[PDB]
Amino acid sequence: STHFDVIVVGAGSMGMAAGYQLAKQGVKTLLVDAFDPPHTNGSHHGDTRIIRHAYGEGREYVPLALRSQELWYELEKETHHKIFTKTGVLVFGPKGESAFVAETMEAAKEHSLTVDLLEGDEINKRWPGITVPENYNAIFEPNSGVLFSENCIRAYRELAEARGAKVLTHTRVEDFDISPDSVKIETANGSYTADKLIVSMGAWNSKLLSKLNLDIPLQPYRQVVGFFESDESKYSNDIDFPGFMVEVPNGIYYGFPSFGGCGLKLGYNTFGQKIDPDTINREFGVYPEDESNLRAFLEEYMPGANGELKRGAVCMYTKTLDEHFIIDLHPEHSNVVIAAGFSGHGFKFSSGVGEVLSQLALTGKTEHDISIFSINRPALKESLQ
């Protein structure tokens, strides 16, 4: 005989943040997760995540990125877990041949963000360890950096539970039963009811949203990252090697400086295997592209960090057709909030989204402008059953 004010299905990056925001307000919340967050089955492991402010995916994300940054600073002061390191983020690519680089620069200009603009040999000179052609240009953002994503979720969870939130782990939600005055979920461990529901199952939204009469194109992608033994005198966070996201002819790559000798971490963002979250192979190296795509980049742009592979991780992106998020109320149920399709670039915003989700669930509205994340926008090609 236990109901709840709000139920969060999927206590990961977005869900746990929401749980923390709700618990802080004394809202009796229940968070249900198929596993035990943080874990290595979803989209939040791999240890680190980049947070950028000058948004190359679109300047409309800036306000949320800035609020998220402030919230990350708040979390740092609230927990013993490490949350953020200001490595700065470097963005580069061939001059005049990168929409990403261009939009990043424009976003920086339009929002009066503090950035450094350099090109060619200036890049190589400032950051020994980086070798780009003379025709390359870049924009460096000194105030953005790296988030320790697993620590973020763990901190949010510990804070939320301490304030009353309940977390039901290793419990997969299998169905939903929504009424105008309440919401109900069904699991093998029991059924639960509340006044409001927040759906944030990550990669699994592409399989379970149909249970909510929603037909939205969502494609999960297998994305790997590798840690490589590197020249610490050049790639360590200690010597200010920055986090980065760059565009080269074959696509977009991202990386992190070596922290305490863990080695430089690199990822190839443009490519990934289309998969099912329930049958995805989470072993690094099973596909020759896993390690080959990464070394091809390192050999050309960061030769000193192309050493032995120290560690590998397999994680998932969940893309929408326009690659913009989905944060909105269910079109037929104002008491249901949806957080989906973060298309590989949503963790940095998770703190902000947690606040947005909490507001939508409790009031049906949010102070933040989330118009570009509308669940009813045509660019999504959504529908119902």
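Residue indices: 1-based, along the sequence shown.
J.: Mind pulling up the entry and telling me whether 125-133 or 189-197 has the higher mean Cα temperature factor?
T.: Stretch with the higher mean C-alpha B-factor: 125-133.
J.: Between 106-114 and 304-312, name whichever shows the higher mean Cα B factor according to the PDB entry.
T.: Averaged over C-alpha atoms, the B-factors run higher in 106-114.
J.: Which one, 243, 226, 260, 249, has the peak C-alpha temperature factor per the PDB entry?
T.: Among 243, 226, 260, 249, the highest C-alpha B-factor in the entry belongs to 249.
J.: Tell me which of 86, 154, 95, 80 tops the list for C-alpha B factor in the record.
T.: Checking the PDB record, the top C-alpha B-factor among 86, 154, 95, 80 is at 95.
J.: With respect to C-alpha B-factor, does residue 296 fall in the lowest, middle or highest third of the chain as deposited?
T.: Middle third, going by the recorded CA B-factors of the chain.
J.: Comparing residue 21 with the other modelled residues of its chain, is its CA B-factor in the lowest, middle or highest third?
T.: Ranked within chain, residue 21 CA B lands in the lowest tercile.
J.: Lowest, middle or highest third of the chain for the C-alpha temperature factor of residue 290?
T.: Its C-alpha B-factor belongs to the middle third of this chain's values.
J.: Looking at the C-alpha B-factor of residue 13, is it in the lowest, middle or highest third of its chain?
T.: Lowest third.
J.: Within this chain, which third does the Cα B-factor at residue 53 fall in: lowest, middle or highest?
T.: Within its chain, residue 53 is a middle-third residue by C-alpha B-factor, going by the deposited values.
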